[PDB]
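Ligands are counted one by one from 1 in listed order, and the atoms in each one are counted from 1 as well. Values below: every heavy atom of this structure, side chains too, minus hydrogens, waters and symmetry copies. In what follows, chains carry the letters A, B, and so on, assigned in the order in which the sequence lines appear, proteins first and then strands, with residues in each chain numbered from 1.
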Amino acid sequence: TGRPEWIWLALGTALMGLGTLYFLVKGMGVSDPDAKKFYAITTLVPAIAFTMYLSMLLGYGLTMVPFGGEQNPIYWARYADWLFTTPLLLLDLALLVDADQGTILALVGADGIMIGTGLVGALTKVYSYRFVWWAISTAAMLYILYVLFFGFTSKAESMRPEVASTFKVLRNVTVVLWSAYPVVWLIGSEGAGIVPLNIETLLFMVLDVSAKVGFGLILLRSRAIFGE
Amino acid sequence: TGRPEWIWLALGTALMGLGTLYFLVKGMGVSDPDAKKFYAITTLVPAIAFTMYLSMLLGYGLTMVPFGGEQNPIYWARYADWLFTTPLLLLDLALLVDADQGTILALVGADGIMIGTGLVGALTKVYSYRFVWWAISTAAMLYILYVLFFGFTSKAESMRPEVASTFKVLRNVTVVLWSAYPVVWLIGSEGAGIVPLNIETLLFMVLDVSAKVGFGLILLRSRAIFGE
Amino acid sequence: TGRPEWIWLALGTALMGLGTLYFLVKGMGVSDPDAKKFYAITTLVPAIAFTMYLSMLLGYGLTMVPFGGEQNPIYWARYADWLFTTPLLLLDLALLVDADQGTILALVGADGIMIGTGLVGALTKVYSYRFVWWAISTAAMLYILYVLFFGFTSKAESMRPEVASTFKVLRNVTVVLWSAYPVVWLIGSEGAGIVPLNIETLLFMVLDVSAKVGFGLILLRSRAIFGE
Ligand SMILES: CC(C)CCC[C@@H](C)CCC[C@@H](C)CCC[C@@H](C)CCOC[C@@H](CO)OCC[C@H](C)CCC[C@H](C)CCC[C@H](C)CCCC(C)C
Ligand SMILES: CC(C)CCC[C@@H](C)CCC[C@@H](C)CCC[C@@H](C)CCOC[C@@H](CO)OCC[C@H](C)CCC[C@H](C)CCC[C@H](C)CCCC(C)C
Ligand SMILES: CC(C)CCC[C@@H](C)CCC[C@@H](C)CCC[C@@H](C)CCOC[C@@H](CO)OCC[C@H](C)CCC[C@H](C)CCC[C@H](C)CCCC(C)C
Ligand SMILES: CC(C)CCC[C@@H](C)CCC[C@@H](C)CCC[C@@H](C)CCOC[C@@H](CO)OCC[C@H](C)CCC[C@H](C)CCC[C@H](C)CCCC(C)C
Ligand SMILES: CC(C)CCC[C@@H](C)CCC[C@@H](C)CCC[C@@H](C)CCOC[C@@H](CO)OCC[C@H](C)CCC[C@H](C)CCC[C@H](C)CCCC(C)C
Ligand SMILES: CC(C)CCC[C@@H](C)CCC[C@@H](C)CCC[C@@H](C)CCOC[C@@H](CO)OCC[C@H](C)CCC[C@H](C)CCC[C@H](C)CCCC(C)C
Ligand SMILES: *C/C=C(C)/C=C/C=C(C)/C=C/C1=C(C)CCCC1(C)C
Ligand SMILES: *C/C=C(C)/C=C/C=C(C)/C=C/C1=C(C)CCCC1(C)C
Ligand SMILES: *C/C=C(C)/C=C/C=C(C)/C=C/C1=C(C)CCCC1(C)C
C-alpha cells in the first residue's frame with residue numbers, strides 16, 4: 001500500500017465497522033417501533049460507510065481524473081457513501097422532530113442535489129468548472145442547514161423536552177461537521193490542491209467517523225428515540 | 001462553444017434556474033403541510049433540471065456513442081434528470097387525487113422503467129436495437145398515461161371540485177407534453193437522425209421548461225394544494 | 001449469438017415478459033388498496049427483470065473485467081435488476097406481516113448493501129478481493145434472512161391465519177432460492193470459475209424465474225393480499 005493515505009482508509013474502515021457492530025448489538029431486543037426506526041437508520045449509516053471505506057482502501061473506489069495538466073486521484077466512492085448516508089442522517093433529525101413530509105422531501109432532495117453536484121464537480125475535467133459545481137453544492141448545503149434551523153417552527157409548541165434537547169445537540173453536531181466538508185474539498189485534492197491527499201483523507205476520516213459514529217452514539221443513548 | 005446547441009442549453013439552464021428561484025421564494029411562509037409537499041416536489045423538479053442542463057452546457061453530460069458507422073453525441077444527463085424529475089411530477093399528480101399507495105408505486109416504477117430503458121436505448125451501440133428499447137420505454141409511458149386517465153375511478157365520489165379541476169388540467173398538460181418526448185427522440189440524434197441535434201435540443205428545452213416550470217406555475221397558483 | 005448462454009438469456013427474457021403480462025392482466029379490476037400494493041410490487045418485479053434479461057441477451061448488460069490473468073465476461077445488468085427487484089420482493093413480505101417501518105428500512109438497506117457489494121465484487125480486478133466483497137454481501141443476506149425469521153415476533157398475536165400461512169410459504173421460498181445465489185456466484189464466472197458461464201446463466205435463470213414469477217404466482221393467488 002504505496003498510497004500514503006492507506007492508513008486513514010484502514011482506520012476509517014475499522015472504525016465504521018466497529019461502530020456498525022456496536023449499534024447492531026445495541027439495538028437488539030428493541031421493540032418500540034419509533035426506536036426501531038432510529039436504530040435501523042443509524043446502524044445502516046456506518047454500515048454503508050464501512051463498505052465505501054473498504055472500497056477506497058482496496059482501490060476500487062479510486063479513479064484518475066485529468067484536470068489542471070495532471071492525472072488526479074479522486075476517491076469517487078465517497079459520493080456513493082454520502083448519497084445514501086447523508087439523507088439517512090437528515091431522516092434521523094427529521095423523525096426526532098416529527099417533521100412534515102414536505103420538509104423531509106425538501107431535505108432529502110436538496111441533499112441529493114448536494115451530493116450529485118459534488119460528484120459532478122469531483123469528476124469534471126475542466127478545472128475552473130469544478131468550482132462552479134462546488135458552489136452549487138454548497139448552496140444546497142446552506143439550504144439544508146437553513147431548513148434544520150428554521151423549518152420546524154410549528155414543532156415547538158409540541159415537542160417533548162427530551163426530543164428538543166437531543167434534536168438541538170444533533171443539529172449542532174451536524175451543522176458544524178457538515179460545514180467542514182466543502183472547506184476540505186475546496187483546499188484538497190479535488191479543489192485547489194493546497195492540502196495533500198494524505199491529509200485530506202485524514203480530515204474526511206475524522207469528520208465521517210464523528211458525523212456517523214459520534215452522531216449515532218449521541219442519538220441511540222437518548223430516550224428521545226422511544227415513543228413515550 | 002462550438003456546439004451549436006449551446007444556446008438552448010444555456011437558455012434551458014437559465015429558465016430552470018429562474019423557475020427554481022421563483023418557486024423557492026413563492027413557497028416561503030407556507031405552513032399548510034399538504035401545500036408544503038407540493039412546493040417541495042415542485043421546486044425540486046426544476047432545481048434538478050437546472051443542474052442537468054448546466055452539466056450539458058459545460059459538456060460533462062455529453063458522451064459519444066458509436067452506432068451507425070459514426071460517433072454520435074448523446075446527452076446522457078437528460079436521463080439522470082428525468083430519473084428523478086418525472087416520478088416527482090407523477091407524485092404531484094398522485095397526491096392531488098389522494099392516490100392509493102399501490103397506484104403511486106405502479107406509476108413511479110413504470111416511470112423508472114421508461115427512463116432506464118430510454119437510457120439503455122440512448123447508449124446502445126447496435127443501431128436497430130436502439131429502437132427496441134424505444135418501444136419498451138414507450139409502452140411504459142403508455143401505461144403511465146393509462147393509469148393517469150383510468151386508475152383513479154374510486155377518487156371521484158370524493159374529490160374537492162378544485163382538486164378535480166387542477167388535476168384535470170395538469171393531467172392534460174402532462175399527456176400532451178410527455179407524449180412528444182418519444183417522438184423527438186425517434187426523429188432526433190438518438191434515433192433516426194432526421195432532425196439535427198441543434199433542433200432536437202431546442203425541442204427538449206421547450207418541452208422541459210413547459211413540463212416543469214409551466215406545470216409548476218399551474219399547480220402552485222391553485223388552492224388545490226392546500227388542505228381545506 | 002456466439003455466446004452459448006444466449007438461450008438461457010432468451011428464455012429468461014420470455015418468461016419474465018410473459019409473467020409480467022400475466023400479472024398485469026390478473027391485477028386488472030382490483031380495487032382493494034392493499035391488494036393493489038401487492039399487484040404493483042409483484043408486477044414491477046418481473047417487468048424490471050424482463051428489461052435486464054433483454055439487456056443481457058442483446059449484449060448491453062455484459063462487460064469484460066480483467067482479473068486472474070484473463071478478460072472475464074461479467075453480466076453487470078443482473079445487479080441493476082436486483083437493486084430494485086430484491087427490495088421489492090422484501091417489501092411484499094414485509095407488507096404481508098404489517099412490518100414496522102424500522103424493520104422495512106433495515107431490510108431494504110441491508111438488501112442494498114448486499115447488491116451493491118455484490119456488484120463491487122463482480123467488477124473488482126484483484127481476484128482475491130472479489131471474495132472479500134462476496135463475504136460482506138453474504139453477511140448482509142444472512143442478516144436479511146435473520147430478520148425474516150426472527151424480526152416479526154410482535155406480529156403473531158395479530159396476524160390473520162391466511163396472512164401467516166402465505167407469509168410462511170413465501171418466506172421459505174425466499175430463504176431457499178436466495179441462499180443459492182451466493183453459491184452460484186462463488187462457483188461461477190464471477191468467483192472460482194468452476195462452473196462455466198453457460199451453466200451459471202442457466203442456474204440464475206431458473207432461480208430468478210422461480211423467485212419472481214413463481215413467488216408472485218403464490219402471492220397473487222392468495223386472499224392474504226386483500227384487506228378483510
Ligand atoms: C422502483 C423501481 C420499480 C424502479 C425500476 C428500475 C427501472 C429503472 C428499470 C431498470 C433500468 C435501469 C435501472 C437499468 C439500466 C442501467 C443503465 C444506467 C445502464 C447504463 O450503464 C452501462 C454503461 C457501460 O456499458 O454505459 C455507459 C454509462 C453512461 C456513460 C452513463 C449514463 C447514465 C447516467 C450516469 C445515469 C445517471 C443516474 C444517476 C446514477 C443518478 C444518481 C447520481 C448522482 C446522485 C450524482
Ligand atoms: C474563515 C474560514 C476559514 C472559516 C470557515 C467557516 C465556514 C465553513 C462556516 C462554518 C460555521 C459553522 C461551523 C458554525 C455553526 C455552529 C455554531 C456556530 C452554531 C451555533 O448554534 C448552536 C449552539 C447552541 O445550541 O451551539 C453551538 C455548537 C458548537 C459548540 C459550535 C462550535 C463550532 C466548532 C467548535 C467549530 C468547528 C471546529 C472544527 C471542526 C475544527 C477543525 C480546525 C482544525 C484546523 C484544527
Ligand atoms: C437505502 C440505503 C440504506 C442503501 C444503501 C446503499 C448500499 C447499496 C451500499 C453502497 C453500495 C453501492 C451503492 C456503492 C458501489 C457503487 C458501484 C455501482 C460502483 C461501481 O462503479 C465503478 C466503476 C468504475 O471504477 O466500474 C464500472 C461500472 C460498471 C461497468 C457498471 C455496472 C453497475 C450498474 C450500471 C448498476 C446499475 C444501477 C443503476 C444506476 C440503476 C438506475 C439506472 C437506470 C434508471 C437506467
Ligand atoms: C401522426 C403523428 C405525427 C402524431 C403523433 C401523436 C402521438 C405522439 C400521440 C400524442 C397524442 C396526445 C398529444 C393527445 C392527448 C391530449 C388530448 C388529445 C387528450 C384529450 O383529453 C383532455 C381534454 C379534456 O380535459 O383536453 C385536451 C388537452 C389539450 C388541449 C389537447 C391538445 C393537443 C396538443 C395541442 C397537441 C400537442 C402540440 C405540440 C406540442 C406542438 C408541436 C408541433 C410542432 C411541429 C409545431
Ligand atoms: C429525490 C430527488 C429530489 C434527488 C435529486 C437528484 C440529485 C442527485 C440531482 C442530480 C445529480 C445527479 C443524480 C446527476 C449526475 C450523475 C453523475 C453520477 C454523473 C457521473 O457519471 C458520468 C461519467 C462519464 O462522463 O463519469 C465517470 C463515472 C464515475 C467514475 C463513477 C462515480 C460515480 C459513482 C459510481 C456513484 C455511485 C452511486 C451508485 C449508483 C449507488 C448505487 C450503486 C450500488 C447499489 C452498487
Ligand atoms: C454444503 C453446501 C453445498 C450446501 C449449501 C447450503 C447453504 C447455501 C445454506 C442454504 C440453506 C437453506 C436453503 C435452508 C433454508 C430452508 C429450510 C431448511 C428452512 C426450514 O424452515 C421452513 C420450513 C417450515 O415452514 O419449510 C422448509 C422449506 C423448504 C421445503 C426447505 C427445502 C430446502 C430445499 C429443497 C433445498 C434447495 C434445493 C436447490 C435449489 C436445488 C439445487 C441443487 C442442484 C445441484 C440440483
Ligand atoms: C457521512 C458523511 C457526511 C455527513 C458527509 C457530508 C458531506 C457534505 C456536507 C458534503 C458537502 C460538499 C459541498 C457542500 C460542496 C461540494 C463538496 C462536498 C460534496 C464535499
Ligand atoms: C422533465 C422532463 C419530462 C417531463 C420528461 C419526460 C420524458 C419522457 C416522457 C420520455 C420518454 C421516452 C420514451 C417514451 C421513449 C424512449 C425515449 C424517451 C426516454 C425520451
Ligand atoms: C430476483 C432475483 C433475486 C431474488 C436475486 C437474489 C440475489 C441474491 C440473494 C444475491 C446474493 C449475493 C450474495 C449474498 C453474495 C455476492 C453475490 C450475490 C450478489 C449473488
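- Of all atoms in ligand 9, listed by their number and element, those nearer than 4.0 Å to a heavy atom of C:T138 are 14 (C), 15 (C).
- Using a 4.5 Å heavy-atom cutoff, the side chains of A:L170 and A:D92 are not in contact.
- The option from C:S137, C:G121, C:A135 that lies nearest to atom 16 (C) of ligand 9, judged by heavy atoms, is C:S137.
- Of the heavy atoms in C:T85, only side-chain atoms (C-beta onward) come closer than 4.0 Å to ligand 9.
- A:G216 and A:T42 get closest at one heavy-atom pair: CA-CG2, 3.5 Å.
- Of the residues listed (C:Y53, C:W82, C:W8), the one engaging C:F204 in a ring-ring contact (aromatic ring centres under 6.0 Å, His included) is C:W82, and it is the only one.
- Among C:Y79, C:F215, C:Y181, C:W185, the residue whose heavy atom lies nearest to atom 10 (C) of ligand 9 is C:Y181.
- The aromatic rings of A:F150 and A:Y146 lie parallel to each other, their planes meeting at an angle below 30°, with 60° marking the opposite boundary.
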Contacts table for ligand 6: protein N or O within a distance under 3.5 Å of ligand N or O, distances only.
from, atom 1, to, atom 2, distance (Å)
ligand 6, 25 (O), C:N172, ND2, 2.4
ligand 6, 26 (O), C:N172, ND2, 3.1

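- For ligand 9, the atoms lying closer than 4.0 Å to a non-hydrogen atom of C:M114 are 8 (C), 9 (C).
- Proximity to C:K212 (heavy-atom distance under 4.0 Å) selects the following atoms of ligand 9: 1 (C), 2 (C), 3 (C).
- Of the listed residues (C:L89, C:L44, C:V45, C:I48), just one forms a side-chain contact (heavy atoms from CB on, under 4.5 Å) with C:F84, and that residue is C:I48.
- Without hydrogens or angle criteria, C:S55 side chain to C:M52 main chain gives a donor-acceptor distance under 3.5 Å.
- By the criterion of a heavy-atom distance under 4.0 Å, both the backbone and the side chain of C:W178 are placed next to ligand 9.
- Proximity of C:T86 to ligand 9, defined as any heavy-atom pair under 4.0 Å, is confined to the side chain (atoms from C-beta onward).
- For the side-chain contact (heavy atoms from CB on, under 4.5 Å) test with C:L148, the passing option among C:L107, C:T103, C:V97 is C:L107; the others fail.
- By the 4.5 Å heavy-atom criterion applied to side chains, C:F215 and C:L177 are not counted as neighbours.
- In this structure a side-chain-to-backbone donor-acceptor pair under 3.5 Å is missing from A:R171 to A:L93.
- In this structure, C:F131 has its ring center closer than 6.0 angstrom to the ring center of C:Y127.
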